[PDB]
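The structure under discussion appears below in the form of structure tokens.
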Amino acid sequence: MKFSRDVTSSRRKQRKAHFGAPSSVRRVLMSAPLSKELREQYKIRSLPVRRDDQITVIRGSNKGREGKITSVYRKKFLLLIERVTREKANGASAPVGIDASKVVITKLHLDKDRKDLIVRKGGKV
Amino acid sequence: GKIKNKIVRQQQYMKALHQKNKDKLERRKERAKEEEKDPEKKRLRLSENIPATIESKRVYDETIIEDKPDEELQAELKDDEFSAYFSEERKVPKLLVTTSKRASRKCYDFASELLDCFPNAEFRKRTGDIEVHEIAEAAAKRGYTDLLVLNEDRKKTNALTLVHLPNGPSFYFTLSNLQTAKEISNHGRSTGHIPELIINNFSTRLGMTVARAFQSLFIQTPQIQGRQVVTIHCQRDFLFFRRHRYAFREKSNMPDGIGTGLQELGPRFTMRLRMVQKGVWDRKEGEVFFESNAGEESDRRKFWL
Amino acid sequence: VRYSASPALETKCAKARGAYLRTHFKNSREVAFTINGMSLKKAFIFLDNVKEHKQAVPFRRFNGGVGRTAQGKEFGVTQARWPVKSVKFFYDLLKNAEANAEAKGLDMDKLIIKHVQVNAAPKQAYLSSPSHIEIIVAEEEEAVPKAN
Amino acid sequence: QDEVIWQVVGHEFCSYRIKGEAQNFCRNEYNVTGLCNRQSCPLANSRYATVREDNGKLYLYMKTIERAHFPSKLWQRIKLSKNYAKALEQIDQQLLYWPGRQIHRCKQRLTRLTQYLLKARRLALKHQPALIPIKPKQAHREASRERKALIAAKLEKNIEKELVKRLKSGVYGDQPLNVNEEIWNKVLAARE
RNA sequence: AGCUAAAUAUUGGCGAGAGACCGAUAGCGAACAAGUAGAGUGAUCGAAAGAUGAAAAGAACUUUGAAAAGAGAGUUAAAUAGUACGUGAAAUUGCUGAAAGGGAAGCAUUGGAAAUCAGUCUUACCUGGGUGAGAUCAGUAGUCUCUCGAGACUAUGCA
RNA sequence: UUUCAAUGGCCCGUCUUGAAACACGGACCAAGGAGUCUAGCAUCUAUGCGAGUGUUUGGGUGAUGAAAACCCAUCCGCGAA
RNA sequence: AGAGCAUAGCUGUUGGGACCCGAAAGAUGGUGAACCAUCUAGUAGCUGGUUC
RNA sequence: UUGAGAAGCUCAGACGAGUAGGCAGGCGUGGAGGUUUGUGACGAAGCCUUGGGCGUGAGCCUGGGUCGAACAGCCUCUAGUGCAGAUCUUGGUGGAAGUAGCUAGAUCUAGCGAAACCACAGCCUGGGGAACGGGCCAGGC
RNA sequence: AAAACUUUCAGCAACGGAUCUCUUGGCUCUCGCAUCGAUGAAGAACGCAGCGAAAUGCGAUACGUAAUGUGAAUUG
């Protein structure tokens, strides 16, 4: 149960906040779990996704697939993973969007900003 | 789906649909003009842009047979359970058609139509608490070769299990689109002549077993004079059973100019294979040769028969 | 799509369809009723004759306001007209069905109009009545000698 | 107690009551009759005996007024013999000087629970067809894909294509018996 | 002649949290281009309009046509989801089939005919005998939970 | 269920009128569409307490929603007189 | 040798828009005798309707 | 003898039109508390049906088809709770009608095309008292 | 008397958008707060978006510049 009068349990206001969120909020809304190896080595459970991240698809028809994240589609809350495509009528390959919570991060595109993020969120390297 | 206004996005769709029709029309008129002037660009486009069909884009499986003869495949069929039919022995098939317990009148009408398709095949009403394995062991000592059991419930036949006596494989099907002769437009009255059998599109290895089992129910010396043909056709794992009364005549379609005029005889139904068991049919304790999975049949391009 | 008639299976049928056609619904209902069940080749001659006023389309149901004509004695009545716009639409559809049958490899010498139905399209104080027209052409079914 | 409990449960609200048109039923597992009555209520009857089945063995369950406030020890249980005559006497001995209506209702439940176990054993021996569910999604999928398969089959085109093909190969004798003379003459000239 | 916080008010303004409220002819006129389109010289007046699918994968390609479209195909779990898009009632219309029909229909009561359904069955009881089987049976041994004996098991024998 | 046969069967609502006659309303279908909320008074019944009775203007309090529940200082109303 | 007081429900009744739809308005303030907005849910013994 | 939902069970006799009005018990709808250790992608709700059943009835249960994500029984609470009418409101749709007619060609043909109105109907003869003829009764058609 | 025509029933196709389900909307109640303008407000007009259906944003620095923060997007 929530006891703060500063947070709303209203489904109307929760749905409006999620679907009307700005880009700097959808960066956090699009978070993915880390693999057990990374999770117990970086001391971090989940991180927001990013391009060049290496992920494994965990749920859906494409379950078990792996690949880098070519681009994150924050408008529709979708990830676009390389070689995870669908053939069209004319044979052109249309990429398939995957929710960020349906993948797991097996390798992190480490940067100084993310390295600072790890030590910030109780992590280590 | 950006637009939240229904009327606006209906107007936006129509203006994009009209533009798509217009610009595709311009490129089609231009292509037609530039390919009628030069027939070369026309004859290579047709040979290259062949329309795609489910049969053409069927998924790849190595179980499919090849045109060339292979000794291993023909060595396996010369001593199996169906060998007594295709060998020099030429044992005539003696069929036993029976139904499920407490069948109705409608099941008898389908059975009576089904007995027409099979000369030398007798019906025995299913009585009391005799089981399929018991019927099979009792029918084997009576000289029967194949046992056909029609499953009906709620006054409708919905399944068909055929076993090959005495220990041959048992195939379980599910019947659908049952249609007796009276319900078929421009039908005919079947005669007593032995029908011919034509079997098509059973390419896979599992298709050979089912095609041989279906072939093994028919007397191998068809009566040509009656010119009746029974067709089993496997398309997209659906086996279509039909019986016609053909007659060769002149048609303007074929290059040779001869075509047959089919008149349907009935019954008309479709079979979907659900299970193949090695040995007599025991749903609890049978050796599963094949069991269809509905999950992977959702792939419309993948077939097993 | 699916048509109103249980035929139009691939067996012997060729389909032609026209939706939201800009023609009066009551006139098209009469033209369809006349050419229903008649051979495809004969239908082309009949539609050709109507365009040249050699033949008249008898109006049976919506016969109100149709004058007496001498060309309707073939059909047993005397109320007939010479519709052109409605006949033109049916000519376009019949050619489409004929072309569809030819592409299918059907026998073109036995084609008859097995089913033709006109339905009222949405109305658009001058709300006229557009027409939905569907045509099925199939070979005449024939019998074969049984055994003798 | 008992008359206060019955007024609260029998007439205001019991979570065990199934209200039918002709009768009310009891969802309680400890009800002998399965009906909602004053005499068959296990909650409102401080002294109550019932028979119920556990993994093939029938037991006599009894509770007394003196254990009413110890729910874990409220009901006592004894084993009833497979011998019916001994099972009846077991109920008589354990329910001695209980009202004759309560012994009557316990012996009636023992007969029905014995018949049900007998019928359960006879159903195991018999071979009965297994009921397999009808899946609405798969029926719709197979009905639609069948329609596409039948159209794509082109049965009449393929039947006559094979029938003419085997006419050319001469699978019949010298001249076939299903062909008119004029057609056979056309076949011979064309194929040669 | 003058000043003065607090307790009080608050359909506006900046936010916030809620509800036994309404659920697209409702609830604000307005869930969407809404004080918009539109109307009137002007003051003013003022709507109708929500939902393909998980994903556009929004139907390539061949073919008919002047075109719109159609037909072969194709995608989808589903096209009985094709942007005229969830479900798709009634009034109404077309086709097909069956039946009826001397200037009404018309409903009720009782049957016939035709069509079509529920709608069911012997399968069990009693009495054996044989064979082995095992416990709630042992001229039997243990453990556990309750309270001697009551349940649950274990080992052995099946007299 | 359809249909046939025998027998019977005046169009519904409103108003009028002994009654009808009437005059009205009704092309068809869908959705919406009319004794509600509140203050006072009186009867009756139920419930609590009873020569008493009524906590909620307010104060105290309430950590798990705290607009609830729980508690009652001083009055006051109506009864007894 | 006091029977009241409080709450709830039922019913009747009187006020409020007061079961719903119904009768020319009038007044205030505006726009170019007219038009528009509000008071207004104005006034009804009467009309039509008022749902298992 | 088990027949103590004592609000149950049971025995007997009489009785049965009904406007205004009086009284009692029930059916259904939206939401709320409790409950069914409730139903549901192996298909909720809705709709369709010459499938079957229950109730005197309001209504309820169910098969088949369609469908695609929620929903119900029981006790209690609550109310914007039940329609055939209001020359009702909004929407859709008919007959009138391819008519009245208004754009071409040669009054005819083509093309474009309404609205009023609409309980349902449509032979007379008499009698039918209240009009009764258009429905009723006996006769013709 | 069969056809046509009419009527009834059913099947299929149209027509229509009811019902059901939901919903970034409304409505109601409560709570916190005090902040327009000659230093040019409210409003109106005209411009800028590479295209944007509008709508929104912005003001010739035109769907913004500076600074700070997050840290890799934007998206038809």
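Here the Cβ positions follow ideal geometry from the backbone for every residue, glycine too, while neighbour counts run over all protein chains shown. Just so you know, all these numbers are worked out from the coordinates, no wet-lab data involved.
Considering only the stretch C:51-73, I want to know if a residue exists there that is within 14 Å of chain B (Cβ to nearest Cβ), more than 10 Å from RNA strand H (Cβ to nearest atom), surrounded by 12 or more Cβ atoms within 10 Å (Cβ to Cβ) and outside any helix (DSSP H, G or I). Scanning the stretch C:51-73, I find no residue that is within 14 Å of chain B (Cβ to nearest Cβ), more than 10 Å from RNA strand H (Cβ to nearest atom), surrounded by 12 or more Cβ atoms within 10 Å (Cβ to Cβ) and outside any helix (DSSP H, G or I), so the answer is no. Tell me, please, whether a residue that is within 12 Å of RNA strand I (Cβ to nearest atom), in contact with an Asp or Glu (Cβ under 8 Å, 6 or more places away or on another chain) and among the polar types (S, T, N, Q) can be found in the stretch A:40-57. No; the residues of the stretch A:40-57 include none that is within 12 Å of RNA strand I (Cβ to nearest atom), in contact with an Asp or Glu (Cβ under 8 Å, 6 or more places away or on another chain) and among the polar types (S, T, N, Q). Quick check, is B:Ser56 loosely packed, with under 10 Cβ neighbours inside 10 Å and within 14 Å of chain D (Cβ to nearest Cβ)? Considered against the rule, which asks whether it is loosely packed, with under 10 Cβ neighbours inside 10 Å and within 14 Å of chain D (Cβ to nearest Cβ), B:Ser56 comes out as yes.
Evaluate the following for C:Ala97: is it over 15 Å from the mean Cα position of the chain (by Cα) and in a helix (DSSP H, G or I)? No, not satisfied. Could you say whether any residue in the stretch B:193-203 is over 11 Å from the mean Cα position of the chain (by Cα), in a strand (DSSP E or B) and more than 8 Å from chain D (Cβ to nearest Cβ)? Checked the stretch B:193-203: at least one residue is over 11 Å from the mean Cα position of the chain (by Cα), in a strand (DSSP E or B) and more than 8 Å from chain D (Cβ to nearest Cβ).
More than 29 Å from B:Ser170 (Cα to Cα), more than 6 Å from RNA strand E (Cβ to nearest atom) and away from chain D (no Cβ under 14 Å), is that true of B:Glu34? Considered against the rule, which asks whether it is more than 29 Å from B:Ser170 (Cα to Cα), more than 6 Å from RNA strand E (Cβ to nearest atom) and away from chain D (no Cβ under 14 Å), B:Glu34 comes out as yes.
Residue by residue, here is whether (1) assigned to a loop (DSSP other than H, G, I, E, B); (2) in contact with a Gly (Cβ under 8 Å, 6 or more places away or on another chain); (3) surrounded by 14 or more Cβ atoms within 10 Å (Cβ to Cβ) holds:
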residue: A:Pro33; (1), (2), (3): no, no, yes
residue: A:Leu38; (1), (2), (3): no, no, yes
residue: A:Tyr42; (1), (2), (3): yes, yes, yes
residue: A:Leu47; (1), (2), (3): no, no, yes
residue: A:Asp52; (1), (2), (3): yes, no, no
residue: A:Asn62; (1), (2), (3): yes, no, yes
residue: A:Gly67; (1), (2), (3): no, no, yes
residue: A:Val72; (1), (2), (3): no, no, yes
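Is it the case that B:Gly207 is crowded, with 19+ Cβ neighbours inside 10 Å, within 17 Å of B:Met271 (Cα to Cα), of a type in the set (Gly, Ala, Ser) and away from chain D (no Cβ under 13 Å)? The answer is yes for B:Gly207. On inspection, A:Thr70 fails the criterion of being within 16 Å of RNA strand F (Cβ to nearest atom) and polar (S, T, N, Q). Restricted to the stretch D:76-192, the set of helices (runs of 4 or more DSSP H) holding at least 3 residues that are in contact with a helix residue (DSSP H, G or I) (Cβ under 6 Å, 6 or more places away or on another chain), more than 14 Å from every other protein chain (Cβ to nearest Cβ) and closer than 30 Å to B:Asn293 by Cα is empty. Answer yes or no as to whether B:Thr161 is within 14 Å of another protein chain (Cβ to nearest Cβ) and β-branched (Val, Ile, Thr). Against the criterion (within 14 Å of another protein chain (Cβ to nearest Cβ) and β-branched (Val, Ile, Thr)), B:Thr161 qualifies. If the condition is being among the hydroxyl-bearing types (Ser, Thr, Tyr) and either within 15 Å of RNA strand E (Cβ to nearest atom) or under 11 Å from D:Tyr59 (Cβ atoms) (or both), then the stretch D:75-117 contributes D:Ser81, D:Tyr84, D:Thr111, D:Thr114, D:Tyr116. Does the stretch C:102-138 hold any residues that are over 16 Å from the mean Cα position of the chain (by Cα) and within 14 Å of chain B (Cβ to nearest Cβ), and which are they? Within the stretch C:102-138, C:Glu102, C:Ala103, C:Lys104, C:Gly105, C:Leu106, C:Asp107, C:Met108, C:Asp109, C:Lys110 meet the criteria. Restricting attention to the stretch B:133-155, which residues are within 21 Å of B:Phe269 (Cβ to Cβ) and within 12 Å of chain D (Cβ to nearest Cβ)? Correct list: B:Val149, B:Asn151, B:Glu152, B:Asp153, B:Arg154.
Only one of the listed residues (B:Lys106, B:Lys29, B:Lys2) is of a type outside the set (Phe, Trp, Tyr), more than 29 Å from B:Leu305 (Cα to Cα) and either in a loop (DSSP other than H, G, I, E, B) or away from RNA strand E (no atom under 16 Å from the Cβ) (or both). That residue is B:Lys2. Filter the stretch B:32-85 for residues that are of a type in the set (S, T, N, Q) and not in a helix (DSSP H, G or I); which is farthest from B:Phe202 (Cα to Cα)? Ranking the qualifying residues of the stretch B:32-85, first place goes to B:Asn49.
Filter the stretch B:210-247 down to the residues that are more than 7 Å from every other protein chain (Cβ to nearest Cβ), under 15 Å from the mean Cα position of the chain (by Cα) and under 30 Å from D:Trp184 (Cα atoms), then identify the one that is surrounded by the most Cβ atoms within 10 Å (Cβ to Cβ). Once the filter is applied, the top-ranked residue is B:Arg243. When A:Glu66, A:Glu82, A:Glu87 are checked against the criterion of being within 14 Å of another protein chain (Cβ to nearest Cβ), in contact with a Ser or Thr (Cβ under 9 Å, 6 or more places away or on another chain), under 30 Å from B:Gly295 (Cβ atoms) and more than 16 Å from RNA strand H (Cβ to nearest atom), A:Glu87 stands alone in meeting it. In the stretch A:20-59, which residue that is within 21 Å of A:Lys76 (Cα to Cα) and among the charged types (D, E, K, R) is farthest from RNA strand H (Cβ to nearest atom)? Residue satisfying both the conditions and the ranking: A:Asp52.
Please enumerate the residues belonging to the stretch C:31-48 that are under 19 Å from C:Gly76 (Cβ atoms) and either out of contact with any helix residue (DSSP H, G or I) (no Cβ under 9 Å at 6 or more places or on another chain) or in a loop (DSSP other than H, G, I, E, B) (or both). Selection gives C:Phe33, C:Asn36, C:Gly37, C:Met38.
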